[PDB]
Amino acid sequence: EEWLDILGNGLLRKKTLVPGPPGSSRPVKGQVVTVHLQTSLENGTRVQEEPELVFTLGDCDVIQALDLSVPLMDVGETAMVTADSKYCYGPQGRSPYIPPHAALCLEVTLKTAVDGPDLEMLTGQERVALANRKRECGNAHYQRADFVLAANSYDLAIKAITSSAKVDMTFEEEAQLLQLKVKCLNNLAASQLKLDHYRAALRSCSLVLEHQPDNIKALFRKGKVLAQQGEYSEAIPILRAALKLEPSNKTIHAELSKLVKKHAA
């Protein structure tokens, strides 16, 4: 009927187009919600149409705009949401193209809302599917340079893998999930390093190298972190160990050269 100014700043506004059924309720944090999303730019250009977008409320799987506006919708409601770029694809834009600082008009139809899964009660197959979904979310956030959101999705991906103390999985499932955990921890290190969270990036790097001691990405990232911290004595053998695996790699050379030149104070 009228525009609701959600955050009190005219940056995230919601207008109900079609209300939900008389008995409908709002979804709560943690619920797996399914929506039909029609995204368009401020000038009216349509971006994409996801007829069955599935995401966990409050987990920031896609964009902040959805996690902030969907809890204000009843299951079965169709609403128009105008959101500023800061709650969307920000000062950088995205892959199915969004211009930098572009305000979005989201036509959302909340379809279903089911209770969130008990991570402790997930099957090996479900655990693989949930962790991979969170990993794919984190990857999408990382490509845009949203390292705070990328780190969160990788953190959720890991939490889903490691909460298996009460379910009996096969050896093949445990091994598959270990391979996924190392990929998520390396991805987390890539994200932490971009946020200068050196102590955290180091932990993630060291955990990856405990499973895979010849992981070139984890070696280079540990070396780059130790170099940016000023631990040149510890960084040079690690950066050399990574060059030993790929001697022609220009990025590892450029990193070593930068480190040795700076090691002159």
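Note that residue numbering begins at 1 and tracks the sequence as displayed.
**Q** Comparing 97 to 105 with 149 to 157, where is the mean C-alpha B-factor higher?
**A** Result: 97 to 105.
**Q** Between 47 to 55 and 61 to 69, which has the higher average C-alpha B-factor in the PDB entry?
**A** It is 47 to 55 that shows the higher mean C-alpha B-factor.
**Q** Tell me which of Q31, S40, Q212, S204 tops the list for C-alpha B factor in the record.
**A** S40 has the highest C-alpha B-factor of those listed.
**Q** From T78, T170, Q179, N186, pick the one with the largest CA B-factor in the entry?
**A** Most elevated C-alpha B-factor of the set, per the entry: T170.
**Q** Ranking the modelled residues of this chain by C-alpha B-factor as given in the entry, is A175 in the lowest, middle or highest third?
**A** Lowest third - that is where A175 ends up once the chain's C-alpha B-factors are sorted.
**Q** By its CA B factor, does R240 count among the lowest, middle or highest third of the modelled residues in the chain?
**A** It belongs to the middle third of the chain when residues are ordered by C-alpha B-factor.
**Q** Is the Cα B-factor recorded for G138 in the lowest, middle or highest third of its chain?
**A** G138: CA B-factor falls in the lowest third of its chain.
**Q** Against its chain's modelled residues, does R127's Cα B factor rank lowest, middle or highest third?
**A** Ranked within chain, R127 CA B lands in the lowest tercile.
**Q** Quick check on the deposited entry: does the C-alpha B-factor of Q92 sit in the lowest, middle or highest third of its chain?
**A** Highest third - that is where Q92 ends up once the chain's C-alpha B-factors are sorted.
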